[PDB]
Amino acid sequence: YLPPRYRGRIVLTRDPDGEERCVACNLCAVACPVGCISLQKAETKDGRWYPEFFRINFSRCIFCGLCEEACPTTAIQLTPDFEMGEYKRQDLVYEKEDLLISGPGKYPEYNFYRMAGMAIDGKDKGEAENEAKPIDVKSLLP
Amino acid sequence: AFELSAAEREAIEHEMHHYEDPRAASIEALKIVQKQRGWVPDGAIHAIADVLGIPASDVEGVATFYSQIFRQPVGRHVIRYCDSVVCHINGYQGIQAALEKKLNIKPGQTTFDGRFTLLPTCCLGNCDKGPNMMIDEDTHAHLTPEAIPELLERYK
Amino acid sequence: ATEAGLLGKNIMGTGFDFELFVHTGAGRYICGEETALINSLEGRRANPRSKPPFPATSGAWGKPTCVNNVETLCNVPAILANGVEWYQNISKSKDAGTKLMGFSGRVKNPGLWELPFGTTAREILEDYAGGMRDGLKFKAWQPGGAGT
Amino acid sequence: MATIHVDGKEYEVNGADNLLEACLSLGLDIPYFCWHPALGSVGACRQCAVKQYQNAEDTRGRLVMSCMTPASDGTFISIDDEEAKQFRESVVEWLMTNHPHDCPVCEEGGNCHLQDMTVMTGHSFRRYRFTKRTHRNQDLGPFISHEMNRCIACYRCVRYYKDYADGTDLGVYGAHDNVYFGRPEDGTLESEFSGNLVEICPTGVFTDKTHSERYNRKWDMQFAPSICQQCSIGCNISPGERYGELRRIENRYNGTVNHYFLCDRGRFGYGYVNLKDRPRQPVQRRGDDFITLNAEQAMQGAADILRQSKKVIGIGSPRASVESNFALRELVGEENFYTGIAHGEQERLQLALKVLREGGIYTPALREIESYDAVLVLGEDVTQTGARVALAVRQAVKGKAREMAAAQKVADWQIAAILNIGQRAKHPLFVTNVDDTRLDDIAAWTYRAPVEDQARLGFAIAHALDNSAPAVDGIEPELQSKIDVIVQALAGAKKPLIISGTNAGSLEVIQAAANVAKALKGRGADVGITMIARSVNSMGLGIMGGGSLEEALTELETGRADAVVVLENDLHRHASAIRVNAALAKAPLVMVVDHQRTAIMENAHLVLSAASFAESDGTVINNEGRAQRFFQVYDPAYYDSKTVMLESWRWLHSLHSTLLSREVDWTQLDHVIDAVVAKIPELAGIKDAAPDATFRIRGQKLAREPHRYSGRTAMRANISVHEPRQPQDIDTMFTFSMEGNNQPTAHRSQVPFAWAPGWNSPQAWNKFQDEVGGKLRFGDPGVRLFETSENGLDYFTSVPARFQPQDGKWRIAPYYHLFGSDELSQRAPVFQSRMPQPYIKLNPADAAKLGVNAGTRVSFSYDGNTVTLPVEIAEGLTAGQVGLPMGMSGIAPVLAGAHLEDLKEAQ
Ligand SMILES: Cc1cc2nc3c(=O)[nH]c(=O)nc-3n(C[C@H](O)[C@H](O)[C@H](O)COP(=O)(O)O)c2cc1C
Ligand code: SF4
Ligand code: SF4
Ligand code: SF4
Ligand code: SF4
Ligand code: SF4
Ligand code: FES
Ligand code: FES
Ligand SMILES: [Ca+2]
């Protein structure tokens, strides 16, 4: 039996539309006291920021959860699962394919791009939350 | 394919004599071009700029700033109804509602045939004489909703 | 007036040469602000300017400039033709001369009347403007336009 | 000068300054957006609000703006007044109503002035529940991305671009809360100084597009103080590295040289460092096969063949450091050392050096240029070569409006009042070129003519200033009228500036400019002279000396030189390609020490993996003569263990010791600099350019990384989970880590990056200066090698004859481009689209005689080769001339002043 807030294995989650939630903002990497996160930003032709690589060194990780609370997209979360063990320390280094799970985890509904002003596919300018339509300077109305 | 006409060009250079700087003629140059064509097209911005000897971003800055200088195509007759405070007390909202029934548009939009464009405007300086509107250079005062169809018929 | 010799060069035989112009605006309310009128006259976006300096020293095209309202300038011929003493003794009040005062709204007689300073607002409303229209009560009044 | 009372305390400040720049100099934090130290005060954002009292007893005063308020004697202000604090919080609250929720995906994040001021006011709670305004974006070209939603309408971008930088294609549009900052239509920003907008804009509207391809936050960067390598001006820069690749280029404040601004070639021309084609290991040829060697093997292998050779010659480079050329000179001997530039380019460079050292006329620094009252530019297309001088000359031309305003008692910081008083009045600027320049919008007169005609106008100005100067017979009355206009402005100036350079390709233009400066010096004027050179260490290589590259090629093809050690030089730019490739095939041993892949390394026998400026240390000497040190940014061996990239001076010194005593010597940087000072007296100042590797701030080494640097136990964890040791720096005072010092008040001149608590943006440079917009607190880095000589020169009497066209022979008129003419930066992929198509420019009468129009491909012959180019039409180009783009792929800069024997339509 584990409580919901248990600080075991670190995963990266997904949007309800099915895209990866991480926007490679590097706040989780800097807020970690042990320095166990390395990542690089990439950008799609759509314009969506996403991580080119995501690397967590689980030999160094102390499972403090400061990365989860730093994340402004709810992408990185700590799950109730302590079942880890390896013969080699090199196999404690997890890449993005070992971390990205198929769903949204603890926060089923939050999508960051719906908040964001930046324009990606499916959300042009004025299609975000509390956002009006763009008015051109050449418009006849004063 | 904009070209400055030989009479528009002479009218712009006529008003450059009345100032120290040719930059000062920029407002009148935009109104000269708009008077002939209904609105100031996009190619007129670079055209006016090279005549006056100022950059095009200065000309475009002036034209977007001033409300009456138009940078979008309008109708043959522009309807400008007052929506300020004294006209609000005298019943402009009934005039606006009558204009939206006869024309079947909303303010800022042109009619489907392109005869009329409907625009709100500030106080026309005719506050004592009732609700006010302008069609082109003509001022009509003491407006009533019943008078709206007969008034519009004059402008074809 | 240009063909009666009241404008142009050598006005009335004196050395004074004055040339008057009319230039129409493009429709922004901030152009009535006096430093933003100077920028609009110069052919710029009509931002205001910071004072100091004043336009009396640095105004239009960096030249000494004075900006005056139409009704201020119309008082000036009355003063010089009749005298400084006539203008002072029009009203026994701390504000000299006559003013264009009026009432607008849902009143019986909206209009404009030249009146001296120190005329009370009730006199304008009830004797000149004829009071409110019938079936209307008086709630509030703005004395001098929309900014007051 | 003045004493003011702030929050009960009392301070001494300069009376001429306003209250924002007074209080920021004392370390009092006032928030601000629309003010800039370079741009002046306009009063737009209303963020700098303080409460001002009439005297000490006035308890209830008024809110003023400190950027718009003079710091007069007797001023009583309160920054921490409750009503002032609430209003300053409200200004941030009003700006936060329309701001997008974009900080995770904003490239300004962590380096954002709006983020810093929002925290500094203490506004953290949103009350506004309504909709936000949105804007569409524009395309601004390959360098700058556009996101208008983040704009706070501070007007800094337009005030920099139109007022300061004199760009024409950026403005403000619209009105009320719908104001839009940008271009009238999409397209590339035309200004050569567009890239300073990324530092000038306090938000993320204008951001670096070259950095957003490989983005990282500021705290993850590794910084070093470096010098720009793209031309001779010597702008101080702060390059940042992450994961072994150079990421962005930042401006490094230097109050003597560049201060807040860089040019676009410096800011965006760094991409050649990040090429995959660069050599990373030493490579030795075996017939057709290639063998990879380590550092020890390469030195023992090279010195075995070098011991058996009968004569070894050395070819230096103008783009190599002073320590690298000297080490090459020490290895072959000074009798066998060649400079690597052509003889005609060498002759113009030593004459340019002669007038600076022996002319007796002071040569101003880049910021001192802005104080001069008249500027004559002879031959140097200065916007395309030496672009920051053109920015400095624009500010000098605005000094006339500052003089008029000072007479009317308008303060120096009230910029909109000064500009209104001015009204297109300018200090006189006279430029001469072969065609139109980018300074033509502000120039009093432009003179388009061939280079001998430009020199002949220069000698005639000197003869009209002094009777003892030699005269130019044959001047027509039309030109004679204009010469009198220039002479009356020059003689009537209190402080004239004379600008020329080596890029015109004429010895006579440089001779004409020294005659004008001499004639003004005899009149009593405080005259300055400025010469622009070609490369980053052109002046340093000229002080060292040596024979020309043509002499070196002679010693190869006449059999006497058995071996040649080429150092960081692609010889095709300086000499004919067919001659170079033939003479390098006769040599038994060719050795190249370059960081870039060049064409001459195909047949070379040994290539050494030299380091670029990002991976090296050294001293460069700029056009002024200032020796400046550049420091290594990152160790390239840390990420890739097979990388054997050493400094050029470290490779050549070790090779000399293995040649002498068979033992390699990997020397330290201060031993090489000490060796320079002993042998060359003219380079004695380089010791004092920077301190040595034993310099400490109270026992601490200067830090390269910010204290919040991340990923220490995960950066290299994909190769080995065991953390490697941190790279150790024995050359310089800097450490390859964050465990060091970067305090704003630390007693040093070399500042790798600016950061302060509560100031994460480029506005943190105010904490590192003595007064804001002034000099660095403990002095700007760099030392002048030579002082002004007591006595001057004689008048040059070598007046050229007037230019005459010839049938068949066509003179080559040089055209330069900021994004194409420089050797390293044209290999950047972002510069491939910013550079124009290759062309050939002709007079309309000469194209009518040839029978061609615009766009026709025409063929010509240079040195027995054939190049076909499309024709362009140039009305200002005089007949008999032919415009070529210098320094491109195919057109060497040695071609300036050459002749084209044959020209006909291509078939
Ligand atoms: C927003 C604003 C709008 C103004 N509009 C006008 C105007 O339309 N007409 C006018 O005479 N003064 C206007 N003013 C006042 C002028 O700035 C200035 O005080 C006046 O023209 C001075 O002339 P006077 O001495 O004759 O009154 C306006 C002021 C402000 C702040
Ligand atoms: S996991 Fe969260 S905090 Fe870390 S980079 Fe991705 S979005 Fe940013
Ligand atoms: S849980 Fe703590 S130690 Fe582990 S990655 Fe997150 S911040 Fe670093
Ligand atoms: S400009 Fe600054 S405040 Fe605005 S989204 Fe970018 S980082 Fe955040
Ligand atoms: S674009 Fe940037 S610099 Fe220009 S007004 Fe907006 S926030 Fe200020
Ligand atoms: S002016 Fe020269 S040194 Fe300065 S940034 Fe531009 S290219 Fe670099
Ligand atoms: S308020 Fe309507 S015209 Fe004045
Ligand atoms: S910084 Fe002073 S008002 Fe903007
Ligand atoms: Ca080193």
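One-based numbering, in listed order, for ligands and for the atoms of each. These values consider heavy atoms only, across backbone and side chains, with no hydrogens, waters or symmetry-generated copies. In what follows, every chain begins at residue 1, and chains take the letters A, B, ... in the order their sequences are listed.
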- Task: Report yes or no: is the cationic atom of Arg242(D) (NZ for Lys, CZ for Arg) under 6.0 Å from the centre of the six-membered ring of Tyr709(D), at an angle within 45° of the ring normal?
- Result: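 Relative to the ring axis of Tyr709(D), which defines the angle, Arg242(D) lies inside both limits.
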What protein heavy atom sits nearest [atom], and how far away is it?
atom                    : result
atom 31 (C) of ligand 1 : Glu33(C) CG, 3.7 Å
atom 2 (Fe) of ligand 4 : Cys112(D) SG, 2.3 Å
atom 6 (Fe) of ligand 4 : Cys106(D) SG, 2.3 Å
atom 17 (O) of ligand 1 : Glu34(C) N, 3.0 Å
atom 8 (O) of ligand 1  : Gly32(C) CA, 3.9 Å
atom 1 (S) of ligand 4  : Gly204(D) N, 3.2 Å
atom 2 (C) of ligand 1  : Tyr29(C) OH, 3.8 Å
atom 24 (P) of ligand 1 : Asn69(C) N, 3.7 Å
atom 25 (O) of ligand 1 : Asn68(C) ND2, 3.9 Å
atom 3 (S) of ligand 4  : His99(D) NE2, 3.4 Å
atom 3 (S) of ligand 8  : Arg46(D) N, 3.2 Å
atom 1 (S) of ligand 8  : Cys45(D) SG, 3.4 Å

- Message: Looking at atom 4 (Fe) of ligand 8, is there an N, O or S atom belonging to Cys48(D) that lies under 2.8 Å away from it?
- Response: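 No, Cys48(D) does not qualify, because none of its backbone or side-chain N, O or S atoms lies under 2.8 Å.
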- Query: Is atom 4 (Fe) of ligand 8 less than 2.8 Å from an N/O/S atom of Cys154(D), whether that atom is in the backbone or a side chain?
  - Reply: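 It does not; every qualifying atom lies at 2.8 Å or beyond.
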- Task: Using distance alone, decide if ligand 1 has a nitrogen or oxygen within less than 3.5 Å of any nitrogen or oxygen in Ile30(C).
- Result: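 There is no such contact.
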- Message: Side chains of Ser710(D) and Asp220(D) only: does a donor on one sit below 3.5 Å from an acceptor on the other?
- Response: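 There is such a pair (donor and acceptor under 3.5 Å, judged by atom type) between the side chains of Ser710(D) and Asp220(D).
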- Polar side chain donor-acceptor pair, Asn26(A) to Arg217(D), under 3.5 angstrom: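 On atom types as modelled, these side chains do not qualify, holding no pair under 3.5 Å.
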- Does CD in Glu213(D) sit with more than 12 non-hydrogen atoms of other residues, nucleotides or ligands closer than 6.0 Å?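 Open.
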- Item | Any protein heavy atom < 4.0 Å from atom 28 (C) of ligand 1 |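 Given the 4.0 Å cut-off, atom 28 (C) of ligand 1 counts as touching protein heavy atoms.
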- Query: Is atom 19 (O) of ligand 1 in close reach of the protein, with a heavy atom under 4.0 Å away?
  - Reply: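 No; the ligand atom in question lacks any protein heavy-atom contact below 4.0 Å.
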What atoms of ligand 8 come closer than 4.0 angstrom to any heavy atom of [X]?
X        : result
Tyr32(D) : 1 (S)
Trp35(D) : 1 (S)
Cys34(D) : 1 (S), 3 (S), 4 (Fe)
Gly43(D) : 3 (S)

- Item | Test ring-ring contact (aromatic ring centres under 6.0 Å, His included) applied to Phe181(D) and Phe206(D), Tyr155(D), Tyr160(D), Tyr161(D), the passing residue |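 Of all the options given, the one that passes is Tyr155(D).
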- Message: Before you tell me yes or no, could you show the steps for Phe130(D) and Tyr128(D) under ring-ring contact (aromatic ring centres under 6.0 Å, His included), namely the whole-Å CA-CA distance, both residues' side-chain angles and the distance that decides it to 0.1 Å?
- Response: CA-CA 6 Å; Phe130(D) 308 106; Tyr128(D) 182 90; 5.4 Å; yes
- Query: Looking at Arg150(D) and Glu107(D), does any basic side-chain N land under 4.0 Å from a carboxylate oxygen?
  - Reply: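 Looking at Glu107(D) together with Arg150(D), the answer is yes, because their closest N to O distance falls below 4.0 Å.
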- Message: Between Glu147(D) and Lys125(A), does any side-chain N to carboxylate O distance fall below 4.0 Å?
- Response: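 Salt bridge flag = yes for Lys125(A) with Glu147(D).
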- Item | Sidechain-backbone polar pair: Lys31(B) side chain, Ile69(B) backbone, donor-acceptor under 3.5 Å |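 No; judged by distance alone, with no hydrogens or angles, the pair does not exist.
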Return the orientation label for the [X] and [Y] ring planes: parallel under 30°, perpendicular over 60°, tilted otherwise.
X         : Y         : result
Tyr215(D) : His211(D) : tilted
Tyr180(D) : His146(D) : perpendicular
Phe112(A) : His101(D) : tilted

- Query: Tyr260(D) and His36(D): aromatic ring centres closer than 6.0 Å?
  - Reply: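 Under 6.0 Å, so yes.
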- Item | Per atom 5 (S) of ligand 4, closest listed option by heavy atom (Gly117(A), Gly110(D), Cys103(D)) |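 Considering heavy atoms of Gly117(A), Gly110(D), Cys103(D), the nearest to atom 5 (S) of ligand 4 sits in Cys103(D).
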- Message: Please classify the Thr72(C) to ligand 1 contact at 4.0 Å (heavy-atom distances, strictly less than): side chain, backbone, both or neither.
- Response: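 Within the 4.0 Å criterion, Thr72(C) contacts ligand 1 through side-chain atoms alone.
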- Task: Could you tell me whether any N, O or S atom belonging to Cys67(D) is less than 2.8 Å from atom 2 (Fe) of ligand 8?
- Result: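 Yes, since at least one N, O or S atom of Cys67(D) sits under 2.8 Å from atom 2 (Fe) of ligand 8.
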- Item | Atom indices of ligand 4, in the order listed, that fall short of 4.0 Å to a heavy atom of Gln115(D) |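 Numbered from 1, ligand 4 contributes 2 (Fe), 3 (S), 7 (S), 8 (Fe).
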- Query: Can you list the ligand 4 atoms lying under 4.0 Å from a non-hydrogen atom of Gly109(D)?
  - Reply: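 Within the 4.0 Å cut-off of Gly109(D), ligand 4 contributes 7 (S).
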- Check the pair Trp35(D) / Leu24(D) against side-chain contact (heavy atoms from CB on, under 4.5 Å), numbers first and verdict last. CA-CA 12 Å; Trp35(D) 173 83; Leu24(D) 283 176; 3.7 Å; yes
- Query: In this structure, which one of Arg62(D), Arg88(D), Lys51(D) forms a salt bridge (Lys or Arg N to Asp or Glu O under 4.0 Å) with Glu83(D)?
  - Reply: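 Looking at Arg62(D), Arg88(D), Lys51(D), the match for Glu83(D) under the salt bridge (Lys or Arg N to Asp or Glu O under 4.0 Å) is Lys51(D).
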- Message: Between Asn178(D) and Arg133(D), does the side-chain hydrogen bond (donor to acceptor under 3.5 Å, both in side chains) criterion hold? Intermediate values first, please.
- Response: CA-CA 8 Å; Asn178(D) 205 56; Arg133(D) 68 99 188 83; over 6 Å; no
- Element-labelled atoms of ligand 1 that are located less than 4.0 Å from some non-hydrogen atom of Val67(C):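 It comes down to these atoms of ligand 1: 22 (C), 23 (O).
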